[PDB]
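Following: one structure in structure tokens, then a few remarks.
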Ligand SMILES: *Cc1c(COP(=O)(O)O)cnc(C)c1O
Ligand SMILES: *Cc1c(COP(=O)(O)O)cnc(C)c1O
Ligand SMILES: O=C(O)CCc1ccccc1
Ligand SMILES: O=C(O)CCc1ccccc1
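Residue numbers (PDB author numbering), protein chains in the order written: chain A, 1 to 368; chain B, 1 to 367.
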């Protein structure tokens, strides 16, 4: 007896592994992305209110109230919204529903942890388009993007705000991508879990340029500082949504009911109490704190436009040596690149307390 | 542009569909199985204490406290327990991990909604083995089981206490199954979400006769009257567990943290406070209530030994036809069989209040 060859993709992710390593070593954890603080009180109270009354199965597509709350934010009808058990499931069910053997999916490099494994589990082939890393920062070359499209290309997987670059795609880029999508009749998968976490002008969404072929992915955990609630969603053309709900039905059936209920109220309260605005400000403050502290050490730092991650170069170091000698956990570039990753490039998560960030700067400082 | 052909399986499930229909028609819902009452106080309290403390990502394999609480109940180490987002995910990840193109999987019929679609999405073929429906009740034909085995069979999927039959596999039968699996070197997938809901003698587990090849599946939702919490588990040989944690990692990454934390404490309290016994006692009454009630109407009724489901025959009746005229929702046998399903057979769910049951009997009575 033996497991199916498919399970070769079932390797423990470097993200939770680093987290365990960090707890064991007593190191400041600036690797895997999850807030050090608890979620806002209005969300906790909304969930408490749901416990005891909404504990049983919810429809696969989602609790009616959550679908309506999301529909209002996205200006679509409830039937074009499907609630999944985290954006993680949304992404898995989408690749599973859009590509298969013989199909190709374009993925930008550096990429998010689940893209390639999901592509592989769908039996599809992924074609990577590495973004250019200049002294100014990461930059997308649309020529290189177009040069990657082929007769078998069925979908394009985009992520903005982008993890780990912190890049936010501008109007001209989305327009250009929407244009290529239409010209080759491609499906557009847009991972926008950090859609409310940007530091500049509010970005425009890819779905505005190509609504008939775009699937927008969101996450309550990345919206409301509650990564462990496992509530996410897909907003896309309604004609395809019933199928997607059909697919997530077999993976986990439905998302946690009381959490879906609490999030529904929370999404509305957040919009009217200026929560996202205050959150962005709290994060910008910490982004600058980290960036400035690393600059002062004489390090090369690429200031992000979104998400709570930033990348920097620490010459002559490797993640594991750092976590043990400096007692600071970071995620190495090799985690986001398939082959030949940039030398000495690390990702920092700054969704931590200011104290934790200062502690990390002090420790990295001594070990220069 | 069109969706990949694999989406053929993405058909809306009849169970939540009938619940939506029962709600619109103001009908008593005895179809999809989910309690009318809320979960026990000690579970609600445990979740409340976790809110604000344990809200971020838990490890894919599960929160240490839950894995350990589960390991204690099963008399195994934590490394052989993996926490899934409901038993539904356990089943999907399992088939995705054990079978693929060219492999076959044996499934007993009547089956649970999730079995065939999961087999199909893994790229394997499912060979069905129908149980015999006698005047007494359902029964497995060990000969028929063995007959269905081929050189391509990689696993067998059992469900006990069985849904929808309410059948509880006896000691002798589990042993026979254990030998066949061992002889043919097959994997055994045992769906035991209703392992604490039985009405007779404490049932034995399949993993006791073949611990080396058995993966046992459980559900906090079916153990603790909280179906919407989405916390399930897989208990199996440690040699394979890391790979299973690796697979669910890509499907939903990890189960809801505060719910896991709450379930961890609740599982321990349940044992100590005799929650399961009281639960069995409460479901037995309701079982006998619905059963006797349908008898008074002179209907054919098969009493279950487990689960909160029971099957009966309603001559010349259609499910949707019934939900409109009688305003009582049930699930037709067509949902549990692939072809030529028994005539006039429906599944009833008695995990409702006595009120709802009596109401369902009345409306049914005048029909
Ligand atoms: C965190 C994250 C996800 C997954 O979100 P969940 O809701 O936690 O499953 C998906 N994509 C990106 C880019 C993320 O940062
Ligand atoms: C309810 C049920 C499941 C699914 O359990 P979840 O924990 O709700 O996902 C699986 N198998 C059987 C036989 C069930 O009755
Ligand atoms: O750290 C991350 O980039 C975000 C959290 C995460 C990591 C890996 C899988 C799912 C989510
Ligand atoms: O009613 C059922 O038998 C149990 C609940 C269920 C049904 C279908 C898919 C997942 C769960």
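Positions of the beta carbon are idealized from the N, C-alpha and C atoms, including for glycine.
Short-range partners of chain A found in the stretch 93-106 of chain B, where Cβ spacing is below 8 Å: Interface annotation for the stretch 93-106 of chain B against chain A: 96, 97, 98, 99, 100 and 103, criterion Cβ-Cβ distance under 8 Å.
Under 8 Å between C-beta atoms of residue 226/B and residue 206/B: no
Amino acids of chain A, ordered along the chain, whose beta-carbon sits closer than 9 Å to that of residue 32/B: 57
Cβ-based contacts, 7 Å cut-off: residues of the stretch 149-180 of chain A near chain B: none
Straight-line gap, residue 443/A to residue 129/A (C-alpha atoms, nearest Å): Only positions 1 to 368 of chain A appear in this structure, which leaves residue 443/A out of reach.
Min CB distance residue 11/A to chain B below 8 Å: yes
Nearest candidate by alpha-carbon position, reference residue 96/A, set 243/A, 321/A and 281/A: Answer by Cα proximity: 243/A.
Near ligand 1: residue 33/B beta-carbon under 7 Å from a heavy atom: no
Proximity test, Cβ basis, 8 Å: residue 191/A and chain B: no
At least three beta-carbon pairs within less than 8 Å, the stretch 85-105 of chain A to the stretch 277-287 of chain A: no
Proximity below 8 Å, CB of residue 338/B to CB of residue 109/B: yes
Minimum Cβ-Cβ distance from residue 353/A to chain B less than 8 Å: no
Span separating the alpha-carbon of residue 32/A from that of residue 16/B: Distance between the alpha carbons of residue 32/A and residue 16/B: 36 Å.
Interface flag, residue 134/B vs chain A, CB-CB below 8 Å: no
CA nearest to the CA of residue 234/B, picked from 228/B, 245/B and 224/B: When only C-alpha atoms are compared, the closest one is 245/B.
Same chain only: Cβ atoms within 6 Å of residue 353/A, ignoring 5 sequence neighbours per side: Closer than 6 Å at Cβ, skipping near neighbours: 36.
Ranges of the alpha helix (DSSP H) found wholly within the stretch 256-331 of chain A, counting only runs of at least 4: 257-272, 275-295 and 319-325, all fully within the stretch 256-331 of chain A.
Against chain B: residues of the stretch 68-93 of chain A by CB proximity under 7 Å: 85, 86, 88, 89 and 92
Exposure label - residue 305/B; buried when at least 16 CB within 10 Å: buried
DSSP three-state assignment for residue 92/B, whether helix, strand or coil: helix
According to DSSP, residues forming a beta bridge with residue 215/A: 189/A
Those residues which DSSP pairs with residue 234/B across a bridge: 82/B and 217/B
For residue 347/B: DSSP bridge partner residues: The partner list for residue 347/B (beta bridge, DSSP) reads 311/B and 331/B.
Given residue 170/A as reference, the closest of 202/A, 188/A, 310/A and 327/A once Cα atoms are compared: Among 202/A, 188/A, 310/A and 327/A, the Cα nearest to that of residue 170/A is on 202/A.
Three-state secondary structure assigned by DSSP to residue 108/A: strand
Residue 3/A, DSSP secondary structure in three states: coil
Sequence-distant residues of its chain with Cβ nearer than 6 Å to residue 259/B (five each side left out): 229 and 231
Presumed contact (8 Å Cβ cut-off) between residue 114/B and residue 250/A, rounded CB distance: 6 Å
N-terminal and C-terminal residue of the beta strand (DSSP E) that residue 129/A is part of: 125-130
Delimiting residues of the alpha helix (DSSP H) encompassing residue 142/B: 142-147
Backbone secondary structure at residue 153/B - three-state DSSP: Residue 153/B carries a strand assignment under DSSP once its states are collapsed to helix, strand and coil.
Closer than 9 Å at the beta carbon, the chain B residues around residue 214/A: What residue 214/A touches in chain B: nothing, since even the nearest Cβ is about 12 Å away.
Neighbour list for residue 283/B in chain A, Cβ cutoff strictly below 8 Å: The premise fails here: residue 283/B is roughly 16 Å from chain A at the closest Cβ pair, so nothing lies under 8 Å.
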